[PDB]
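Trainee: The structure that follows is given in the form of structure tokens.
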Amino acid sequence: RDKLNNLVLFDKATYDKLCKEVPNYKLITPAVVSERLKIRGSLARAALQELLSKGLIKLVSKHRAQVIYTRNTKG
Amino acid sequence: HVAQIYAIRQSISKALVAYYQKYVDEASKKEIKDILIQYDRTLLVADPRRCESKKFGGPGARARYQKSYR
Amino acid sequence: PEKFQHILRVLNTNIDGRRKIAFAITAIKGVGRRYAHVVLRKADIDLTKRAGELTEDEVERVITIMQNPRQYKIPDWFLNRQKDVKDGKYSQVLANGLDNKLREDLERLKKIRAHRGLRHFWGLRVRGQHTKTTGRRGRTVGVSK
Amino acid sequence: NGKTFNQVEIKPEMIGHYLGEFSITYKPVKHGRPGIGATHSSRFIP
Amino acid sequence: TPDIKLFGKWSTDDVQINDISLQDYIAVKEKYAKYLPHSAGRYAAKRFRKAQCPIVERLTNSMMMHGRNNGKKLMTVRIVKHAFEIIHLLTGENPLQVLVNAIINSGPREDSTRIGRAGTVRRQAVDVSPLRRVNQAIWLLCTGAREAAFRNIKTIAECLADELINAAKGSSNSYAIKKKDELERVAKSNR
Amino acid sequence: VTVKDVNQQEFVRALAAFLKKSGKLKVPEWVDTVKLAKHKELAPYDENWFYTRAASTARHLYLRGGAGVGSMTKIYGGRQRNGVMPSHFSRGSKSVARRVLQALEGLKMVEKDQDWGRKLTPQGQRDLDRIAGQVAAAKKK
Amino acid sequence: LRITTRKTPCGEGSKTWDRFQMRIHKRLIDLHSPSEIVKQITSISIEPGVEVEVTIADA
Amino acid sequence: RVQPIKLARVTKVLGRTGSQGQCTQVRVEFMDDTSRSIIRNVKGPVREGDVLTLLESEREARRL
Amino acid sequence: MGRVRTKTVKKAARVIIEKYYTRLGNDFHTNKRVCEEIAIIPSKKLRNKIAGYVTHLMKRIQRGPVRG
RNA sequence: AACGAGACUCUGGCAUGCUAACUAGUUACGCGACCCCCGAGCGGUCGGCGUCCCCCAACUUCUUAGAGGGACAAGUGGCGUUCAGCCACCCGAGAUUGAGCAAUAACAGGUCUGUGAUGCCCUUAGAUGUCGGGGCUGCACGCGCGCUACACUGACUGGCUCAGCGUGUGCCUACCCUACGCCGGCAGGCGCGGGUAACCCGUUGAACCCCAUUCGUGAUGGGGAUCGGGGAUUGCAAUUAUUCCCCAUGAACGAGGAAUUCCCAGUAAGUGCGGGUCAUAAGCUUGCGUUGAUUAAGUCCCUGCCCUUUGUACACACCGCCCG
């Protein structure tokens, strides 16, 4: 085992980066938010649900055990 | 859940055929036969495979309990 | 958001604000996960957020709803103890009192000196179990010359 | 027990229990010194 | 399209085998394209019979291993539908051409074996069948995603699609293209 | 439409909500202390589980010939992890299902009919197929 | 009828068993006619050890 | 070595060798020269008419 | 595979061709039914074998002389 | 010429051919009843959904079990002495679906605790032949067969949806399987009814699987050992906890050395169920379904076995014999 740092709620830099990482990244899953930031992972699940209501991300597929989200579906 | 899916497919394939075999001519259904049997996947045929009967000295039909010499 | 507080101390055990409310509370002895999802609902609060997001007003109510469970209409069968024995009532025991209570019942069964206390004092299994192939701490045995 | 009548005084603190919990029926156990075949080494003599 | 199945959305046309060596044991589109990878359970009762069944199905078969996952072929197909999806968003290709490169780049060119002399280990270099290459390459990359997701927050779908990228474009960040080159490095030595 | 046509995951999630609006279902007091079956290790997350289960009760009666408190439990029962011992099947609670079916019968969406089992009232059968089309109206079947 | 039991008394040696089976057969012919001539003709003209059971009514 | 990747195809299978039958002798045609032929040892199951990927044709087989 | 014919087949096959040479065809099914009538073979599977060998012999007897 | 091999028996796989069925179904209406316009139309009708109604209806495809047929290396192409056979292919169920039965001769193999089978010896009233109690479960240790685990291909909580081999009171001496109604969180209690069983339980409304929430890489909510208190059931009796249930307690264990077992197609592995023992009780054994891979189409290297030739100081047979 190991020790990895995580945060269960946001602070400034995480939250502000969260809005601007979106157009920079084509793939968006909660797992990828775990590594690029230090985020719990369950935090990232609900964080993406918020963004989809704004239309800053787009759903592309959904399942019980895995969920995919994309940038804006533009090209 | 699984084997039912193959059963309903196998029946509807043959059902369609039989309707043409009885009320329409040969050359209608001969055509349809060539199409299905091309990607045959047990649509017009049936597996003969069913479970084999277990014999003693194993939990399965082939697999056996462990053997110790000491 | 919600940067207000994190790790805190409550009665007899330190409880983190890192974890969800119900599961956080379980660390305190005499409270399992099953016991906590009840007590939160009698308190009529969310269990869908962290323990660091509770206020002092709220957690003050929690311990009251916990330590008088019969008076907030949690059934008798759902308690740890029903008629302790020689105390005459239904009871619910929590962290540091649990150990004190436990050590009494050990002492009692060597006081009378039943089969129980002897097995306890010898360090052998209380319940019907074989000890022939069960245990080991020990195994270094030799016999040659 | 099996042969022996172990006498006991009855306390008011023993109520609810059975009689047979206060008299044992085996020697607690001691050991030992492992014996011969007590392992994968014991064997041979001639 | 109306006479040949896609994959449920993915064309099997505009898909090539870019070797002349490894085709006729890699095929996916001659008529062997189907909506799903599944069989009635005929796959082997002759040595040649193994070859015929699709590459995409073979991948699904070798994905379920190690005890708890055996006999759960439907759960396995969930991982494959996400894989192609992730591969297409992530790089943007016909996501089968990714897989075909990933298989061809992971198959060994020369291999070693054992030979008994003097009661001591000696090794001999030998060649390898095209059918061996395909079987090996399917084994190796599936071990990668299985290994990575054994304590990672990442799901096996994500891990597997990453593993096909680094195989399809060699970069030695995969479990496959590493282990390929290990064998060939041995085969040079004892030869 | 008949209830056969539609998805059933969707069916219950609109039927559960329907009942709770209309003041229907007089619920037992015990609903926040209830494991819900012998083979569970926890209470439900859901706080309106009673409403959800009454949906699934009335649906099965539409299909099959109707049966008592015993049979409902057998339909719901699942696997019991006995720890170190191997898992086995077992049946869940009874006294919950005995409150469910009597609560439905108070609304006269079911009734004790002949041949050893409650059966769903024509008023009940009307209300099922009424909201069955509401499902297709909603999304689009 | 299945009986699956040891082939070895006082178990020793390789563990073996033995499947025995008995197959019963039932079949019935329904007549509707006067009960006299039936009970007359039925009980006679039977060579083997085969059982017969007459019933008053069933339908 | 410094030879580029060669390709050569089976003409005939000869028989199996090795000390567990794990190696297979085979005759192969060079696929650029139709009168050239070398014998090889090949590990995997082969049929006939399939193509291999030789790293050299300096090597040649003679025994197990 | 396997399934090399036994001597019980080869003994009676020769006999049946010698004394009923005329009745034989060269079809499987016709040569079966003849063996069923000119003799009784007490099994069904055995009958299907003895016919097939009787057929296979009758092919060669229409060439040079057999030595059996 | 004979025994074994094979032949044989059982089982699986092929029948819209044959035989016949309210203790098995299907179809067809007759329908009348319920339901929603859900589609054309209006709600009727036509179509769709199941149930009651079903017959003096029609039929036997499905289910059931009987009589029969079918596969033979049969046909074709290679190969073989062109013999015996072998390889590929067509048709198609390919010449191997799995079991039962099994020779000569032998073993100082197991069983006097299956036997009112049995020799001889012993014991036989202070009995080795009956009631009460205790023990076969006692642990510093060594080994074998297994079960459950070490998580995210997961756990947890809801929702959906599929099966088969069987078995059951009227038996042993007191006992079965359970629907339905009522009461209880649960274990369970209580009131009624059916089943001699293709008739009642059971259209066996099972698990894995499937669909949607929650947890987040943390010895964590993974794991459930240890242990405290309380409630039920069986019995004449439950203490060294018979079994079952509720709350609490929360350990080792984070993929395993030297070694080693088993397996080739509905097979391995995962997963549940019935029977056996049973007053109460399977982590065992014996059968059955369900989901269902990877790898091989070989070889004598290891271990071992069959046949020939050869050598031998061996025959209690190399686990032999024999020297200072």
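Each residue's number is its place along the chain shown, starting with 1.
Going by what the header records, the deposited coordinates were determined by electron microscopy, 3.0 Å.
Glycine too: its Cβ is placed from the backbone N, Cα and C atoms.
What Swiss-Prot shows for this protein is this:
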CROSSLNK  C:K86  SUMO2 cross-link
MOD_RES   C:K89  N6-acetyllysine
CROSSLNK  C:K89  SUMO2 cross-link
MOD_RES   C:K101  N6-acetyllysine
CROSSLNK  C:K101  SUMO2 cross-link
Trainee: Around the C-beta of C:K86 (SUMO2 cross-link), how many further C-beta atoms are within 10 angstroms, looking at every protein chain?
Mentor: 8
Trainee: Fewest other Cβ atoms within 10 Å: which of the modified residues C:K89, C:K101 wins that one? Let me know.
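Mentor: Taking C:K89, C:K101 as the modified residues, the minimal 10 Å Cβ count falls on C:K89.
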Trainee: Give me the CA-CA distance between C:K86 (SUMO2 cross-link) and C:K101 (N6-acetyllysine), in Å, as a whole number.
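Mentor: With distance taken Cα to Cα, C:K101 (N6-acetyllysine) is 12 Å from C:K86 (SUMO2 cross-link).
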Trainee: How long is the line from the C-alpha of C:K89 (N6-acetyllysine) to the C-alpha of C:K101 (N6-acetyllysine), rounded to the nearest angstrom?
Mentor: 14
